[PDB]
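Number of protein chains: 6
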Amino acid sequence: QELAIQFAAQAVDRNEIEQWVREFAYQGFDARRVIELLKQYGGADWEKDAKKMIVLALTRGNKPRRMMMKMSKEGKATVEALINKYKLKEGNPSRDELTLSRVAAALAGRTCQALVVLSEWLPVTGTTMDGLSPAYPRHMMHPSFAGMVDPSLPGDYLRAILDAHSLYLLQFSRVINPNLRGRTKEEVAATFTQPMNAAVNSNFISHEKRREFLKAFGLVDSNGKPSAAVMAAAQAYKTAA
Amino acid sequence: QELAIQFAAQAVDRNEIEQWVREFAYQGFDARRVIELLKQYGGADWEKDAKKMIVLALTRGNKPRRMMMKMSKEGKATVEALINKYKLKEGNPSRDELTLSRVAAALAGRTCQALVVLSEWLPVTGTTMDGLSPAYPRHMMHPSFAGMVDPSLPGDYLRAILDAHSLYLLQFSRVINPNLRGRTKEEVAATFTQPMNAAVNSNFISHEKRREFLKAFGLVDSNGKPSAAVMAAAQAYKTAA
Amino acid sequence: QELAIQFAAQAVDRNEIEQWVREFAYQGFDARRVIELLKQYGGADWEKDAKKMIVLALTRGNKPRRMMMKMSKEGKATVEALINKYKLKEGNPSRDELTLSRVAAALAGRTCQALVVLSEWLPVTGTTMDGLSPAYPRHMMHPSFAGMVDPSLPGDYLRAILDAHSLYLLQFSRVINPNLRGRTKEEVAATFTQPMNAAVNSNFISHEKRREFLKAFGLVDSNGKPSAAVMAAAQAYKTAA
Amino acid sequence: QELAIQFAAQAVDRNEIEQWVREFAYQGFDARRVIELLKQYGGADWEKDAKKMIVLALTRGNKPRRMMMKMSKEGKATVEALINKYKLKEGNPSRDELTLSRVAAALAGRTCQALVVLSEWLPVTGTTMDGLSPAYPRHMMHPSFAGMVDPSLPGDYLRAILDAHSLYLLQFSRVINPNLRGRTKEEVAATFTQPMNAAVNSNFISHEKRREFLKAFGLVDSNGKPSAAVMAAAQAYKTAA
Amino acid sequence: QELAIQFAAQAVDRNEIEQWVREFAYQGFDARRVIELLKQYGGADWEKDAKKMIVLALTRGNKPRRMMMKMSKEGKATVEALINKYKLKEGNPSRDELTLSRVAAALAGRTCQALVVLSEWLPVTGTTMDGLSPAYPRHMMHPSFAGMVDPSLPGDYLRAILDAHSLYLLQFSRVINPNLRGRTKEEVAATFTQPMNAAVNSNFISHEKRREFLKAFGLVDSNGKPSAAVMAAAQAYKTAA
Amino acid sequence: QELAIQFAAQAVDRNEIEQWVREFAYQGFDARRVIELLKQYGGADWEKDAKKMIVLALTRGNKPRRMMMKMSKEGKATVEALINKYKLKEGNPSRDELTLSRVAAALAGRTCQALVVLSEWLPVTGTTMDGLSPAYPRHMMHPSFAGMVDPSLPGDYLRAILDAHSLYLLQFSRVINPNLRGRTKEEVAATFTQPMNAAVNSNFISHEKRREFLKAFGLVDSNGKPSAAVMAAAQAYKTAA
RNA sequence: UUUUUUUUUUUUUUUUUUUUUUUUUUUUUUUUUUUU
C-alpha cells in the first residue's frame with residue numbers, strides 16, 4: 005500500500021505544473037479582458053470615458069447607484085451614461101462584468117499618476133499619510149498600485165515596496181470598511197495581502213516594463229533600490245498599530 | 005491586447021482631472037447653502053439669530069427638541085422661535101435642511117472667537133484641556149475650527165495645527181459618543197479625521213484669508229509657524245492614550 | 005456669497021454672549037429652587053428634616069420607596085413622613101420636584117461635614133479609600149463636594165482637588181452602577197466629569213466663600229495650596245486602574 | 005437665598021446622626037436572628053448541630069440539596085435531618101430563613117477555629133495559600149472572618165488585616181464563582197469588599213471582645229500590631245494579579 | 005443574644021470534626037470501590053483487563069461508546085466486551101459505578117509507568133511538553149499522577165511537584181475542553197486544582213509508600229528534593245501563558 | 005483492599021502495551037484508504053489526476069464547488085471532471101470519502117516538492133515567509149509536510165523541524181480561518197499542533213524513508229542535524245507574535 | 001479524581017466609507033457568589 009514513495013520519487017515537471025496553475029487560477033479580477041470589454045462597449049470614446057471612470061472610482065467609490073444619490077445634476081447624468089453604456093456593476097461580479105475598481109486596476113499606470121493631482125480628494129488624504137511617514141509616495145495611495153510592482157525585484161527591495169504600500173492599505177481598508185476599525189494591524193493585513201500579491205504575481209505587463217514605471221514615478225533608482233521616502237514608510241508599517 | 009502601457013505613458017492633464025473632480029464631487033454639507041438659507045428664513049434679523057444659535061450649539065448640542073426638555077422658560081421660548089422660523093432639524097438631514105452644528109460650521113470665524121468666552125460651559129472644559137497640554141488654544145475647542153485651517157501651509161506646520169486640534173476631538177468625540185469611550189486613540193481618530201480634512205480642503209474662504217484668522221487668534225506667526233502652545237498640544241497627541 | 009468673513013470680523017460682545025448662556029443653561033436653575041421648595045413644604049421644621057434627609061441619602065440612596073422595603077418600623081414611618089410632606093421622588097424629575105440627592109447637593113456644606121461621622125456607613129468606606137491613597141480626605145467622599153470646589157483657584161491646584169475627588173467617584177460610580185464595573189477608568193470618568201464641572205462652575209455660593217469651606221475642612225492652606233493628603237490622592241488617580 | 009452657609013456653619017452632632025443611621029439602616033443579614041432561630045428549631049441540641057453545620061458549610065458549600073447528590077449514606081441521613089429540623093435553604097432568602105453560610109457567619113469564632121483542623125478540605129487549601137504568602141494565617145481562610153475583625157484598630161493595622169484576608173477572598177471568590185475567574189483583582193475586589201466591610205462595621209460582638217479573638221488566634225499582639233505572617237499576606241495582595 | 009462568644013471560647017475537638025468531614029465527604033472516593041468492583045465483575049481476569057483499560061483511557065478517552073464509532077473491528081469487539089462485563093459508563097456517575105478514568109485513577113502506579121511507553125500516543129505528546137520545559141517528566145503526563153503525590157513532603161518540594169504537574173494539566177485541559185482554549189492560565193488552573201489537591205490529600209496509599217513511587221520514577225531523591233527536570237517544569241508554569 | 009501497590013510493582017511489558025495501542029487506535033487506516041480509493045475511481049489515469057489535484061488544493065483550497073464559481077472556462081472544465089469521477093467532497097466527511105486536502109496529505113512527498121515551483125501562488129507567499137525568517141524552507145509550506153517528519157530524530161532536532169514548520173502554520177491558519185486572526189500565538193498553536201503530531205507519529209512511510217526525504221529536500225544533513233535556514237525559522241517562532 | 005476534544009479550519013484587485021457622532025448635580029447597587 006506504501007506506493008506513494010514511488011509517486012514522490014518522480015521528477016517534477018516545472019512547465020507541466022505551470023500549465024495547471026494558470027488553468028486553476030483565481031479568475032474574476034479579469035485585468036486583461038477589461039480593456040477588451042472597454043473597447044467593446046465604448047468603441048472610440050473608450051479612452052476619454054476610462055479617464056472619467058478613474059477619477060470617479062478614486063474620489064467616490066465602487067458602488068455607482070449609491071454615489072449617485074448624493075451628487076450634482078451634472079454628475080448624475082454623466083455617471084448614469086457610463087452605467088447604461090459599459091454595463092457597470094457594484095461588488096465582485098462575474099468575469100464578463102465591469103466595475104469602477106476593475107477599470108482603475110487594469111489601467112494602473114494612469115491611476116497612479118492621477119493620485120498626484122487627486123491627493124486631498126481621496127478617502128485617506130496625502131497630509132494624513134505624511135503624518136505617519138514623512139513625504140509618503142502619492143503613487144502608492146491606491147490598491148491598484150500592486151499591478152505596477154515588479155516581482156523580479158530583489159527580496160529586500162520587493163518587501164520594502166509592499167510594506168510601504170501596506171501602510172496606506174491599513175488606513176484605507178479601515179476607512180472604507182467600518183468593522184475593521186477596531187481590529188488590529190495583523191487582522192486588517194490578512195484582508196488586503198491576498199489580492200495585493202495576486203496583482204504583483206500577475207503576468208499582465210512585463211517585469212522590465214513594470215520596473216520602468218516605478219523608476220518614472222520616482223520610487224526606485226536605476227538599479228532597483230527604493231528611495232528614502234519608500235524606506236521610511238516600510239519602517240513605519242513595522243511599528244504601526 | 006497589452007496597449008494599456010501606451011494609455012499610461014500619456015502625460016496627465018492636471019486641469020482635465022480638476023474639471024471631473026468638481027463635477028463628480030460629494031454633495032454634502034456646503035457652507036454656501038447654509039448662509040443662503042439663513043437669509044431666506046431670517047431676512048434682516050438673521051445675524052442676531054445666528055449669534056444665538058452658535059452659543060446654543062456650543063453649550064448644549066445639535067438636537068433642539070431634546071435640549072428643550074431640560075431648559076428655563078426664557079430659553080424654551082427663544083429656542084422654539086428659531087425652530088419654527090429656520091426649520092431647524094437634528095442629525096444629518098438633506099442639503100436644503102439646517103441644523104445647529106451646520107450654522108456653527110459655516111460661520112467658523114465667529115464660532116472660534118465665542119470659545120474664548122464660552123470656555124468652562126463646553127462639554128470639555130478649558131481647564132481639562134490645560135491638564136493634557138499646558139495653555140491649550142481655546143480657538144481649537146470645536147470641530148468647526150477645521151474650516152479656519154489653511155491647507156496651503158507647509159507640511160510640518162499644517163500637521164502641527166491638525167494634531168493639536170485632534171487632541172480636543174479625541175476628548176470631545178468620546179464625551180458626545182458613549183460607545184467610543186472604551187475604544188483606543190486610533191479607533192476614535194478614524195471617526196473625526198475624515199470630516200476634519202474635508203473642512204480644511206474645502207474651497208469656502210480663501211487660503212490667504214484663512215491664514216489671517218489663525219494669525220489673529222494667535223495660533224501662527226507672521227510667516228506661518230505655530231506657537232509653543234500649539235506645538236506642545238501636537239506633541240501631547242502623539243503620546244496620548 | 006462669501007460674506008461670512010464680515011460676520012466673523014465683528015467684535016465679540018462678552019456680555020451679549022453671557023446673557024444667552026444663562027438663558028440657554030441646563031434646567032431652570034437648580035440649588036436655589038431646592039431651598040425655596042424646602043421652606044415651602046417644611047416651613048419651620050425644614051432644617052431638622054434636611055439633616056435627616058442628608059443622613060438618609062448618604063447611607064441608603066436616592067430611591068425612597070425601594071429603601072423602605074428593607075428598613076426598620078421606626079425608619080419606615082419617618083421616611084414616609086418626608087415623602088408625603090416634601091413630595092420626594094426618585095431619579096431625575098422636573099425643576100419643581102425634589103429628590104434626596106438634590107437636598108444633599110444644595111446643602112453641600114452640611115453634607116461634607118456629615119461624611120466625617122458617616123465614614124464606614126457609606127457604600128465606599130473610608131478604610132477602602134485609605135488603601136488607595138493614605139489618609140484620604142473624608143469631606144471629598146460624596147459627589148456633592150463639587151459644589152464646594154472654588155473655580156477661581158489656580159489651574160494646577162484646581163485640577164489637584166478635582167483629580168483627588170475623582171478617585172472616590174471612580175470607586176463610587178462602579179458600586180452604585182453595576183454595568184460600569186467592567187469598564188475602564190476613562191469610561192467611568194466620562195459619566196461623572198460632566199456633572200462635577202457643572203457644580204464647580206455653578207454661580208451658587210461665591211468663589212471666596214467656597215474657598216473658606218475648603219480651608220475649614222483642612223483641604224487647602226491660607227493661600228490655596230492643597231494638603232499632602234489631597235496631592236497624594238490626585239497622583240493615585242493618575243496611576244489608577 | 006444664600007442662607008445655606010449658616011446651616012453649614014452649624015456644629016455636627018455625632019450622636020444625633022448615630023440615632024438616624026441605626027433607624028434608617030439596611031436589613032439583609034441576620035446575626036442575632038440566626039441564633040434566635042437556631043434555639044427555636046433546635047432547642048437543647050442546637051449547639052451540637054451548629055458544630056455539624058459549620059463543618060458542612062466549610063468543606064462542601066451552601067446548597068444542601070445539591071451536595072446530598074454526591075455524598076455517603078451516613079451523610080445523606082444526617083444532612084436531611086438538619087434540613088427538616090432547621091428548615092435550611094439555599095441562596096439569599098428572607099430574614100426569617102436559615103442557610104449554612106448564615107450559621108457559619110453568625111458563629112464566626114467557632115468557624116475560624118475550625119479552619120485550623122479543616123485546612124486541606126477547603127476549596128482553597130492551606131498549602132495553596134502558603135505558595136502566595138509564606139505561613140498564611142489559617143483563621144483568615146473564610147469570608148466569616150470579617151465578623152471577627154475589630155474596626156476600632158488603627159488605620160495601618162486595620163488595612164493590614166483586611167488586605168491579608170482579601171488575599172484568600174480573591175482566590176476563594178474565583179473558585180466558587182466561575183465568571184469571576186477571567187476578571188482582574190479590582191473587579192473581584194468590588195464583589196467581596198461590600199459584604200466584608202458590612203461585617204467589620206456591624207454592631208454584633210463589641211470592639212474589645214473582637215480584639216481579644218484576634219489576639220487569641222495569634223493574629224495581633226497585646227497592643228494591636230499584626231504578626232509577620234499577616235504583614236507578608238497584606239503585602240502579597242498589593243502586588244497580586 | 006451575644007452568647008456566640010461562649011460557643012467560640014469552647015475547645016475544638018480535632019477528632020470530633022474528623023468524624024464529620026469523612027461523613028460529609030464528596031462522593032468520588034472510589035479508590036477502594038473501583039478495585040472492589042473489578043474483583044466482583046471481572047473476577048480472576050480483572051488484572052489483565054485493567055491493563056487494557058489503562059491503555060484505552062490514556063490514548064482515546066473516557067467515552068467508550070463515542071470512541072467505538074471511529075475504531076478498528078478488532079478494537080470494537082474488545083472494548084464492547086469490557087462494557088458488557090464491568091458495566092463501564094461515561095461521564096461522572098454514582099459511587100458504585102465504573103468509568104475508564106476511575107480505573108486509571110485508582111491504579112495510579114501502573115498508569116504513570118504506562119506513560120513512558122505511551123508518550124507520543126497521548127492527546128499532548130512528550131515532544132510538545134519538552135518544548136515548554138526541557139526533558140519534562142513522562143510520569144506526570146496524566147491527572148491520575150496526583151494520587152502518587154506525597155502530601156507529607158516539605159512545602160517548597162510539595163509545591164514544586166504540583167506546579168510541574170500543573171504545566172501538563174494546563175495544556176491537557178485546553179485540548180480536551182475546547183471552551184477553555186481562549187481562557188487564561190488562572191481560569192484553566194481553577195478547573196484542575198480542586199480534584200488534584202483532593203487526590204494528594206486522599207488517605208488511599210500511605211505517605212511513605214507514595215514517596216517510594218516518586219523515588220522509583222526518578223522524580224525525587226533519597227530525602228525528598230525533586231530533580232532538575234521537575235524544578236524547571238515548576239519554574240516554566242510560573243511564566244506560562 | 006490496598007492491593008494496587010502489588011499491581012503497580014509489576015514490570016511494564018513494552019510490547020504487551022504496543023499490541024493494545026494498535027488495537028484501540030483512532031480510525032481504521034487513513035492515507036492507505038486514499039490511495040486505495042484513487043486507484044478505484046481513477047484506474048490508470050489516477051497518477052496524472054493526483055498531480056492536478058495537488059496543484060488545485062495548494063493554490064485554491066478544499067471546497068471544489070466554491071472555487072469553481074470564480075475560475076476560467078478551462079479551469080471550470082478540468083475541476084468538474086474530477087468531482088464526478090473521484091466523488092470529491094468538501095470539509096471533514098467519512099473514511100470512504102475523498103477531499104482535495106486528503107489527496108495532498110496522503111501523497112506528502114510530491115506535495116512538498118510542488119511548493120518549490122508554486123511559492124508565490126500559495127495563500128502565504130514565500131516572500132512573506134522570508135520576511136519573518138531569512139531563506140525560509142519552501143518544502144515546509146503546507147500542513148501535509150508533517151507526514152514527511154521523522155519522529156525517530158533526536159529531541160532537539162525533532163523540535164527544531166516542528167517549530168520551523170509551525171511558523172508557516174501560524175500564518176496559514178490565520179489566513180484560511182478569519183476568527184483566529186485576533187487570537188494570540190498560543191491560541192492558534194492549539195488548533196494545528198494536534199493534527200501535526202498525529203501525522204508525525206503515523207505509521208505510514210517508515211522512519212528511515214521519511215529521514216531520506218528531509219535529506220533530499222535539503223532540510224537535514226547526513227546524520228540528522230537541520231540546516232541554518234530551519235534553525236533560524238525555529239528561533240523566529242519562539243519570539244513570534 | 002471532573003472536562004475526553006480531533007491530517008481539521010480553505011479565507012479574498014474586494015469588503016469603497018462620511019462637517020458626522022451631541023452624551024449627563026445624573027447612575028443609588030447589596031454576610032452575596034458555593035464551583036468540581
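Protein chains in written order, with the entry's author numbering: chain AD, 5 to 245; chain AC, 5 to 245; chain AB, 5 to 245; chain AA, 5 to 245; chain AF, 5 to 245; chain AE, 5 to 245.
For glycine and all other residues, C-beta sits at the position ideal for the given N, C-alpha and C.
Mind checking who residue i pairs with in its DSSP beta bridge?
i	result
residue 224 (chain AC)	AC:230
residue 103 (chain AA)	AA:93
residue 30 (chain AE)	AF:75
Whole angstroms are fine: how far does the CA of residue j sit from the CA of residue i?
i	j	result
residue 13 (chain AE)	residue 152 (chain AF)	13 Å
residue 186 (chain AC)	residue 179 (chain AC)	11 Å
residue 221 (chain AF)	residue 113 (chain AF)	10 Å
residue 146 (chain AB)	residue 51 (chain AA)	45 Å
residue 108 (chain AD)	residue 93 (chain AC)	39 Å
residue 182 (chain AA)	residue 193 (chain AE)	25 Å
residue 63 (chain AF)	residue 25 (chain AE)	7 Å
residue 214 (chain AA)	residue 129 (chain AB)	20 Å
residue 5 (chain AB)	residue 58 (chain AC)	20 Å
Can you give the beta carbon distance from residue i to residue j, rounded, assuming they're within the 8 Å contact cut?
i	j	result
residue 172 (chain AB)	residue 144 (chain AB)	6 Å
residue 141 (chain AC)	residue 83 (chain AC)	About 30 Å separates the two Cβ atoms, so there is no contact after all.
residue 127 (chain AD)	residue 204 (chain AD)	Contact doesn't hold; Cβ gap of about 23 Å is too wide.
residue 232 (chain AC)	residue 16 (chain AB)	No, residue 232 (chain AC) and residue 16 (chain AB) are not in contact; Cβ-Cβ is about 25 Å, not under 8 Å.
One question on the structure: do residue i and residue j come within less than 9 Å of each other, judged by their Cβ atoms?
i	j	result
residue 150 (chain AD)	residue 8 (chain AC)	no
residue 89 (chain AE)	residue 53 (chain AE)	yes
residue 134 (chain AC)	residue 159 (chain AB)	yes
residue 190 (chain AC)	residue 245 (chain AD)	yes
residue 75 (chain AC)	residue 95 (chain AB)	no
residue 36 (chain AC)	residue 208 (chain AC)	yes
residue 195 (chain AC)	residue 184 (chain AC)	yes
residue 115 (chain AE)	residue 148 (chain AE)	yes
residue 247 (chain AE)	residue 236 (chain AE)	The shown model of chain AE, from 5 to 245, leaves out residue 247 (chain AE), and the question about it has no answer.
residue 105 (chain AB)	residue 61 (chain AB)	yes
residue 175 (chain AE)	residue 131 (chain AE)	no
residue 86 (chain AE)	residue 67 (chain AE)	no
Is there contact here, the region 95-109 of chain AC with the region 33-50 of chain AC, by at least three beta-carbon pairs under 8 Å? With a cut-off of 8 Å, the region 33-50 of chain AC and the region 95-109 of chain AC count as touching, because enough Cβ pairs lie within range.
Counting Cβ pairs, one atom from each stretch, are 3 or more of them under 8 Å apart for the region 111-130 of chain AB and the region 7-22 of chain AA? With a cut-off of 8 Å, the region 7-22 of chain AA and the region 111-130 of chain AB count as touching, because enough Cβ pairs lie within range.
Report yes or no: do the region 159-173 of chain AF and the region 223-242 of chain AF share at least 3 C-beta pairs separated by less than 8 Å? The region 159-173 of chain AF vs the region 223-242 of chain AF: in contact.
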